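Q: fold the following, please.
(one chain, ligands or ions: 2)
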Amino acid sequence: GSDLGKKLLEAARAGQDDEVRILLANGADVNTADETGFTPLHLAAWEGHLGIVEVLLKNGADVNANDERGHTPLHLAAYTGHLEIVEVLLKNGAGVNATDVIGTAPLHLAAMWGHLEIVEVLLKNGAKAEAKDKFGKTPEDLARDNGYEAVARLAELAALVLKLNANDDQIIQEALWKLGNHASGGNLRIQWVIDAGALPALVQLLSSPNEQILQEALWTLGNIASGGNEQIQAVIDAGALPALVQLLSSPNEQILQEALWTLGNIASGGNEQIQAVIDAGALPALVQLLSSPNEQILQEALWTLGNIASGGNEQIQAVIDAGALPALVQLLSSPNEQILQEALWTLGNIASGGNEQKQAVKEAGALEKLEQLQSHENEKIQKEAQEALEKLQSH
Ligand SMILES: [Cl-]
Ligand SMILES: [Cl-]
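A: Numbering: from 1, shown residues only. Ligands and ions are numbered 1, 2, ... in the order given. Let me share the structure:
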């Protein structure tokens, strides 16, 4: 008539390893429940008795037993910060997204206390970071900015990067949307995207025939390329330039615009990074796009060329050798005042080179038009024409 169930509950909670073993051998119900539904596994998880947790599971304990609140052993181990028990429970099939009667999941309980190693393990095993409880609170809400956000962000970005390798374009697309959102965050977020390993996957996606994938991938890449020179170098080192140059032949004008914007951002870096753009063969396509009827594409190519021409004399000469000057001089007759200003800036950069570069500018007939625009009634164009003529005339 011994109450083996009661004795087992008490032995499990007290950490009496030998007594648990003996009670189980004598037929105690491993899934005994107390007055509010706690099983021996609940109590051992709460108290942190790893050996007893393992013995109970070996003897068939229900890893997902619910008490009357809906708490599982995983809830209790997460709440109490018992990391090794969390791992053992998950290894034995614990429900990582189980919710109690008010919608609380194990991740909520780990986050609220700052059990950040458990947070990491739960996320690694598929815990949902956006899970909301009865009052709309996510685990992030309950963490109160205790370091949870960095751990969750690391996990969210690495999962998004892995989805870029999926074999469904819709999975790739929705992941690119979220990565694009992160890249939109500017310098305070972009390094997290780089550190998640996104750049190689983004570059590889530039071979996709799916134009929506190309558009979202380029959007993310261009924003990363708007960072510092070390971030530009990561884009280059990921292999972006040959793929970007290929896309300058795209029939899609949005892809064309985004590719030029990304190339212009890269070309806004250091001299070696300008040289990478040249070495990838971008200049022929850039010069051809100066004839584009689309003014946004025209202006984006103009700006990229001006950035390239902000480099050394040999890089300026590469622009000249690609035939840019006749097209640039033509653009000084543009009715559009933005294109006129950007053409003056690019030509001024070219004119800031050496004697050889200055001579090509004069032979292209730029002096006639620079001195004419020196008196232009628009002050901005007047400035650029003045400064450009100065660069041409100095040294
Ligand atoms: Cl533990
Ligand atoms: Cl922890």
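
Q: give me every residue that touches the closest residue to ligand 1 within the stretch 151-300 of the chain.
A: Here the residue of the stretch 151-300 of the chain nearest ligand 1 is residue 151; by Cβ to the ion that distance is 18.7 Å. Bear in mind the C-beta positions are built from the backbone N, C-alpha and C, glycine included. Neighbouring residues of residue 151 by Cβ atoms under 8 Å, 6 or more residues apart in numbering: 116, 119-120, 123.

Q: what helix or strand is it on?
A: helix 148-163 (DSSP states H and E).

Q: does residue 270 touch residue 230 like I think?
A: No: applying Cβ atoms under 8 Å as the test, residue 270 and residue 230 come out as separate, 9.9 Å apart.

Q: roughly how far apart are the residue of the stretch 151-300 of the chain closest to ligand 1 and residue 193?
A: 16 Å (Cβ to Cβ, to the nearest Å).

Q: mind listing what whatever residue of the stretch 201-350 of the chain ends up closest to ligand 2 touches?
A: Minimum separation of the stretch 201-350 of the chain from ligand 2 (Cβ to the ion) falls at residue 201, amounting to 30.2 Å. For residue 201, the contact set (Cβ under 8 Å, 6+ apart) comprises 161, 164-165.

Q: now these in JSON lines, with neighbour count and distance to ligand 2?
A: Output for the contacts of residue 201, formatted as JSON lines (neighbours: other Cβ atoms under 10 Å; distance: Cβ to the ion, whole Å):
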{"residue": "161", "neighbour count": "19", "distance to ligand 2": "25"}
{"residue": "164", "neighbour count": "21", "distance to ligand 2": "30"}
{"residue": "165", "neighbour count": "12", "distance to ligand 2": "30"}
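
Q: and residue 137, what does it touch?
A: Per Cβ under 8 Å, 6+ apart, neighbours of residue 137: residue 108.

Q: the closest residue to residue 60 other than its chain neighbours: how many residues sit nearby?
A: Counting by Cβ to Cβ, 6 or more residues apart in numbering, residue 60 lies nearest to residue 30, which is 5.4 Å off, once chain neighbours are set aside. Here the number of neighbours of residue 30 (other Cβ atoms under 10 Å) works out to 22.

Q: quick test: name the residue nearest the centre of the chain.
A: residue 193 (3.2 Å; Cα atoms, centre = their mean).

Q: what's the helix or strand hosting that residue packed up against?
A: Element membership of residue 193, judged by DSSP H and E, is helix 187-195. Applying 3 or more Cβ pairs under 8 Å, 6 or more residues apart in numbering; DSSP states H and E, one finds that helix 187-195 makes contact with helix 148-163, helix 169-183, helix 211-224, helix 229-237.

Q: can you redo those as TSV with distance to residue 68?
A: Below are the helices and strands packed on helix 187-195 laid out as TSV (distance: least, Cβ to Cβ, whole Å):
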stretch	distance to residue 68
helix 148-163	29
helix 169-183	38
helix 211-224	47
helix 229-237	53
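
Q: most tightly packed of these?
A: Each of the helices and strands packed on helix 187-195 was scored by mean neighbour count; the highest is helix 211-224, a mean of 23, by mean count of other Cβ atoms under 10 Å.

Q: so which elements touch that one?
A: Judged by 3+ Cβ pairs under 8 Å, 6+ apart, the packing partners of helix 211-224 are helix 169-183, helix 187-195, helix 198-205, helix 229-237, helix 240-247, helix 253-267.

Q: how far away from the center of its chain is the fifth one?
A: Right, helix 240-247. 20 Å (Cα atoms, centre = their mean, to the nearest Å).

Q: buried residues, that helix. List them.
A: 240-241, 243-245, 247 (16 or more other Cβ atoms under 10 Å).

Q: what's next to it, contact-wise?
A: 199, 202-203, 206-207, 214, 218, 221, 225, 255-256, 259, 262-263, 266, 276-277, 279-282, 285.

Q: residue boundaries of the helices in the stretch 251-395 of the chain?
A: 253-267, 271-279, 282-289, 295-308, 313-321, 324-331, 337-351, 355-363, 366-373, 379-393 (DSSP state H, counting those that start in this stretch).

Q: format those as a markdown table; extra columns: distance to ligand 1 and mean neighbour count.
A: A markdown table is the format used below for the helices of the stretch 251-395 of the chain (distance: least, Cβ to the ion, whole Å; neighbours: other Cβ atoms under 10 Å):
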| stretch | distance to ligand 1 | mean neighbour count |
| --- | --- | --- |
| helix 253-267 | 48 | 24 |
| helix 271-279 | 50 | 18 |
| helix 282-289 | 57 | 20 |
| helix 295-308 | 56 | 23 |
| helix 313-321 | 60 | 18 |
| helix 324-331 | 67 | 20 |
| helix 337-351 | 63 | 23 |
| helix 355-363 | 70 | 16 |
| helix 366-373 | 75 | 18 |
| helix 379-393 | 67 | 17 |
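
Q: dump these to CSV, plus distance to residue 67.
A: Putting those into CSV (distance: least, Cβ to Cβ, whole Å) gives the following:
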stretch, distance to residue 67
helix 253-267, 54
helix 271-279, 60
helix 282-289, 65
helix 295-308, 62
helix 313-321, 71
helix 324-331, 75
helix 337-351, 68
helix 355-363, 80
helix 366-373, 81
helix 379-393, 72
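
Q: rebuild these as CSV, extending it with distance to ligand 2.
A: As requested, those are exported to CSV (distance: least, Cβ to the ion, whole Å):
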stretch, distance to ligand 2
helix 253-267, 40
helix 271-279, 42
helix 282-289, 50
helix 295-308, 48
helix 313-321, 53
helix 324-331, 59
helix 337-351, 55
helix 355-363, 62
helix 366-373, 67
helix 379-393, 58
